[PDB]
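Note that the numbering runs from 1 along the sequence shown for the chain. Atoms considered below: every heavy atom in the structure, side chains included; atoms not considered: hydrogens, waters and symmetry mates.
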Amino acid sequence: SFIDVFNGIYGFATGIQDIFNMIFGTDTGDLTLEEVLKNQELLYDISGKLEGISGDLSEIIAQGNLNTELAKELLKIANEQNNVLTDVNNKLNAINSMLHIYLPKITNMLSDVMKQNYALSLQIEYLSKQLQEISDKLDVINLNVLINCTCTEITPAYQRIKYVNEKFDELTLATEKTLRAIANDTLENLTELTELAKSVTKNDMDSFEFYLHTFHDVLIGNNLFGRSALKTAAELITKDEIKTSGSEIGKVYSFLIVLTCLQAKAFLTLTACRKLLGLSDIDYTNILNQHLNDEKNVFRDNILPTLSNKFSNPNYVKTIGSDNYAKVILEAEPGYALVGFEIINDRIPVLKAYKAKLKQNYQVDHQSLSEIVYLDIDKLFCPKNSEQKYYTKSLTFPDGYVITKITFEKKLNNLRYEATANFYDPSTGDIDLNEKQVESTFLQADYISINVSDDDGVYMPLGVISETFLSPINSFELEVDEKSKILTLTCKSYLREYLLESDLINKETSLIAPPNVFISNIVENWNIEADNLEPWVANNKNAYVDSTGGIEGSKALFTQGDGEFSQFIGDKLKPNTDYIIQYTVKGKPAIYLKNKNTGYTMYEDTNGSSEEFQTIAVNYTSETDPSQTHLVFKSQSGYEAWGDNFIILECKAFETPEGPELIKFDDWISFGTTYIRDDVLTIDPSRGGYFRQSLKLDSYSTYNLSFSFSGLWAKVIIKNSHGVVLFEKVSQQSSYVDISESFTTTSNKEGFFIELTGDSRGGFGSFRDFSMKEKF
């Protein structure tokens with residue numbers, strides 16, 4: 001569903017409890033497996049000896065004469081001995097039947113435990129990736145003092161727990177594979193797993209339970225000698241700067257989740273091993289819940305309030321942008337809020353802004369999660385061959401406000417951005433539309449100037465600008481250093497409140513990891529991993545799906561000859577809308593967008609050769625309401641092609657506005673002696689007279705004005721009644737001279753007027769060709 005929703009530590013504990021209840025449902029009887037085997041071997045030895053004795057008695061009783069009374073007595077003794085032997089054999093057969101019905105139940109329980117454990121562990125894969133990224137980005141060269149304080153007491157217990165969990169998973173997988181591919185062979189297959197169960201369930205000193213308890217003890221710091229591992233790990237992570245996704249809250253929470261889920265898996269392994277041996281069922285639900293609650297309380301009361309909810313971009317990429325107008329609007333619909341952003345630079349830089357509804361206590365609703373994709377984000381943050389001025393401000397809003405719309409405007413290399421935040425009322429989760437605040441830099445005067453200097457491109461932010469889990473933001477800003485030409489997108493999240501109200505008090509939790517996959521792409525099964533592909537269809541067997549001929553291990557579509565892969569996507573293709581077509585290909589492929597009836601190639605590659613996989617991203621437009629258009633991927637007629645990651649994003653972009661004509665011809669006001677004839681406004685000097693016309697000039701705006709000069713010393717002044725003059729020109733050789741200069745209005749947005757008068761007593765001036773347009 002493209003969304004990896006995380007159910008929280010409480011959800012993981014609830015899943016572990018469910019697996020515990022499933023384990024306890026399997027009744028293994030009243031005898032330990034070791035006791036059953038001991039009884040079986042004892043009865044087997046006794047039965048063998050008695051069989052030998054009975055055979056000897058039978059072979060010595062059927063040989064001699066044995067008289068009459070002696071024969072009867074020996075027959076009676078043999079009958080009694082055979083009765084004893086049959087009783088022993090009946091007991092042995094009962095033991096064998098009990099074992100033969102006990103083993104399949106154990107194997108089924110182990111398979112179910114492995115399946116549910118894998119299902120639960122699928123949630124923490126993202127958190128493990130985040131922790132690995134934090135570790136890689138950690139500046140361990142000077143932080144060895146702290147890293148040897150946290151991983152000095154937790155290391156033995158951590159190693160034991162990880163080894164036990166991994167070995168249990170490996171052995172369970174091996175047993176499942178063996179069973180998929182009777183009692184004696186089952187025991188021979190499960191001997192290693194039973195040995196592991198005996199090792200972990202041995203109620204002895206320095207047992208698995210001992211390390212399980214000391215793990216929690218080191219995490220909390222019950223002993224006065226030691227220090228809490230969670231607190232020192234949080235200090236290690238939060239200190240200095242770790243340029244990864246999410247804030248300090250998210251990183252420390254991910255570390256806590258990793259440790260908590262490790263403990264939960266360890267307890268699950270212990271319970272499964274206890275059930276495997278047939279030991280007494282002791283419910284570890286209470287102790288596991290106690291450990292998890294203690295750790296969450298420590299994190300909530302001694303770590304979380306001191307953490308910062310500020311997250312920046314993961315890294316930077318040195319790029320050269322562009323110039324001229326560039327407007328992006330990260331607007332969210334009423335009832336929605338922005339929860340994160342992502343800047344990806346693989347083929348064409350893109351900006352993904354995630355917007356979603358809220359479900360009380362700053363909870364992001366995965367049902368309504370959507371994204372907006374903006375193309376060419378590099379042209380907005382960086383210049384090409386000029387100097388760009390950034391008007392930056394920390395657009396911080398009061399607590400309780402959620403940012404809905406963020407607007408960036410780059411006009412004449414003046415990057416001014418504004419944000420709007422609506423009231424949230426977390427008690428009900430209703431984003432009020434009437435109550436809102438606007439924090440804008442459109443009227444700022446101070447700026448930071450950066451010169452591109454050709455190859456010295458600006459470091460555009462790159463990566464996921466979001467918390468470890470999607471959450472509303474109440475503060476957004478762009479930071480410019482002006483020394484190394486580094487731009488940083490810095491935001492403040494609301495994850496602390498949702499953690500305090502959902503997961504740290506043992507309630508329902510729904511955390512959404514920032515998707516690494518475009519969730520708004522209309523190509524169903526964009527990457528071919530799902531089996532029984534319904535959208536993808538092959539015209540014949542010429543083209544198939546290679547399970548390893550793609551990116552990493554992706555099952556890429558391989559085309560060889562006339563075969564091709566078609567997918568009908570005409571239903572989701574909106575008319576008159578820009579789209580981004582991106583795909584990773586190998587060889588010489590060809591991608592078309594057919595329209596079923598009257599087959600025409602709206603988009604076509606028909607070329608492109610590469611011995612390795614490369615990513616191609618292009619722009620596309622659908623104009624005449626297709627409503628029937630299928631993507632077709634096909635190799636060259638004499639070549640082999642591989643294709644994967646076919647994504648068609650409904651992009652949004654803004655062009656350069658034309659700009660309204662501020663000055664006109666029919667609204668000229670005239671005072672004194674002025675003669676208006678056709679396209680000529682003769683102004684009479686000496687005699688008191690002048691032409692004027694009000695203007696709608698904006699703030700910090702540059703306007704190009706065309707003019708036709710005539711008449712000696714024809715004064716032109718674009719000014720205000722207060723005495724502020726922005727554009728003044730005097731004609732010197734006024735035969736047919738024309739001027740098309742430009743003027744900038746910094747901050748005096750009002751009814752500016754252009755006055756046309758004369759300096760010389762004579763020289764009847766004539767004016768025409770009026771056109772004042774804002775430049776972008």
Side-chain angles (χ1 to χ4, degrees), residues 18-55 58 81-121 163-203 208 265 267-283:
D18 297 359
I19 309 180
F20 284 172
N21 296 332
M22 187 272 300
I23 288 178
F24 294 158
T26 62
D27 178 68
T28 59
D30 60 330
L31 289 178
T32 307
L33 175 60
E34 182 68 22
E35 298 179 358
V36 174
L37 295 183
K38 288 168 59 267
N39 295 13
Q40 182 184 16
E41 67 173 0
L42 168 62
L43 291 179
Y44 192 86
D45 189 11
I46 295 300
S47 179
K49 291 188 296 182
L50 291 183
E51 282 178 0
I53 309 313
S54 181
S58 59
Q81 183 178 159
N82 277 93
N83 290 12
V84 178
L85 177 58
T86 50
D87 293 0
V88 174
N89 290 330
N90 289 14
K91 297 173 183 177
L92 186 60
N93 292 330
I95 293 296
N96 287 277
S97 299
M98 182 174 58
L99 198 68
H100 185 270
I101 66 177
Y102 161 86
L103 263 305
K105 295 193 300 296
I106 289 298
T107 58
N108 298 333
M109 183 224 62
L110 289 166
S111 60
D112 299 0
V113 165
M114 227 308 296
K115 292 178 184 301
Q116 300 185 23
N117 185 24
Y118 174 80
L120 286 186
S121 178
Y163 164 76
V164 166
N165 294 13
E166 292 178 356
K167 175 149 293 302
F168 182 80
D169 296 0
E170 174 187 359
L171 293 186
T172 314
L173 283 177
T175 53
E176 175 265 358
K177 291 180 73 277
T178 303
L179 264 298
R180 265 184 166 88
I182 300 181
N184 296 331
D185 21 320
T186 314
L187 264 304
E188 293 294 336
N189 298 329
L190 272 65
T191 173
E192 189 173 1
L193 190 49
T194 52
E195 292 298 329
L196 174 68
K198 291 184 180 63
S199 63
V200 303
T201 58
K202 190 176 185 299
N203 196 332
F208 182 63
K265 292 179 83 286
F267 275 101
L268 176 55
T269 298
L270 181 58
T271 299
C273 291
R274 287 194 58 88
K275 178 58 68 173
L276 157 64
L277 297 183
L279 301 176
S280 179
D281 296 358
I282 44 182
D283 192 7

Spacing of [X] atom [atom1] and [Y] atom [atom2] [to the nearest 0.5 Å]:
| X | Y | atom1 | atom2 | answer |
| --- | --- | --- | --- | --- |
| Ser199 | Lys167 | OG | NZ | 9.5 Å |
| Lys49 | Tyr44 | NZ | OH | 13.5 Å |
| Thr191 | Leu196 | OG1 | CG | 11.0 Å |
| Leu190 | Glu195 | CG | CD | 11.5 Å |
| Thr28 | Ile23 | OG1 | CD1 | 11.5 Å |
| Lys202 | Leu277 | NZ | CG | 13.0 Å |

Worksheet item: Please, which pairs that meet side chain to side chain donor-acceptor pair (under 3.5 Å) have at least one residue in residues 268-282, sequence neighbours excluded?
Response: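 Checked against side chain to side chain donor-acceptor pair (under 3.5 Å) - neighbours excluded - the pairs reaching residues 268-282 are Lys275-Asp281.
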More than 12 heavy atoms of other residues, nucleotides or ligands under 6.0 Å from [atom1] of [X]: yes or no?
| X | atom1 | result |
| --- | --- | --- |
| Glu192 | CD | no |
| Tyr163 | OH | no |
| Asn203 | CG | no |
| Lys91 | NZ | no |

Fill in: Listed partners of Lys115 passing side chain to side chain contact (heavy atoms under 4.5 Å, CB included), at least two apart
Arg180
Does [X] reach the side chain of [Y], with side-chain heavy atoms less than 4.5 Å apart?
| X | Y | result |
| --- | --- | --- |
| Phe168 | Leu268 | no |
| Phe24 | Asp283 | yes |
| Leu173 | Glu170 | no |
| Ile53 | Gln81 | yes |

Item to complete: Examine distances only and state if a side-chain atom of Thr86 and a backbone atom of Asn83 form a donor-acceptor pair shorter than 3.5 Å.
Response: yes
Worksheet item: Just by distance, do the side chain of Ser121 and the backbone of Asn117 share a donor-acceptor pair under 3.5 Å?
Response: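 Side chain of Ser121 to backbone of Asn117: no pair is present.
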Worksheet item: Does a side chain donor of either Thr175 or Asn189 reach within less than 3.5 Å of an acceptor in the other side chain?
Response: no
Fill in: Side-chain donor-acceptor contact under 3.5 Å, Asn89 with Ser47
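Yes, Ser47 and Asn89 have a side-chain donor paired with an acceptor closer than 3.5 Å.
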Worksheet item: Under the side chain to side chain contact (heavy atoms under 4.5 Å, CB included) criterion, do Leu37 and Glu41 qualify, and how do the steps go?
Response: CA-CA 6 Å; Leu37 295 183; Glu41 67 173 0; over 6 Å; no
Pairs under 3.5 angstrom only: tabulate donor-acceptor contacts from the side chains of residues 96-114 to other protein residues two or more places apart or in another chain.
from, atom 1, to, atom 2, distance (Å)
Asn96, OD1, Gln40, NE2, 3.1
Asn96, ND2, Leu92, O, 2.3
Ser97, OG, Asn93, O, 3.0
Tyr102, OH, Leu276, O, 2.3
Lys105, NZ, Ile101, O, 2.5
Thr107, OG1, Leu103, O, 3.4
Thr107, OG1, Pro104, O, 2.6
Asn108, ND2, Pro104, O, 3.1
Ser111, OG, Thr107, O, 3.3
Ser111, OG, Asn108, O, 2.6

Practice prompt. Would you name the heavy atoms of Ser54 and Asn82 that are closest together and state the gap between them?
Written response: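 For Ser54 versus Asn82, the nearest heavy atoms are OG-OD1, 3.2 Å.
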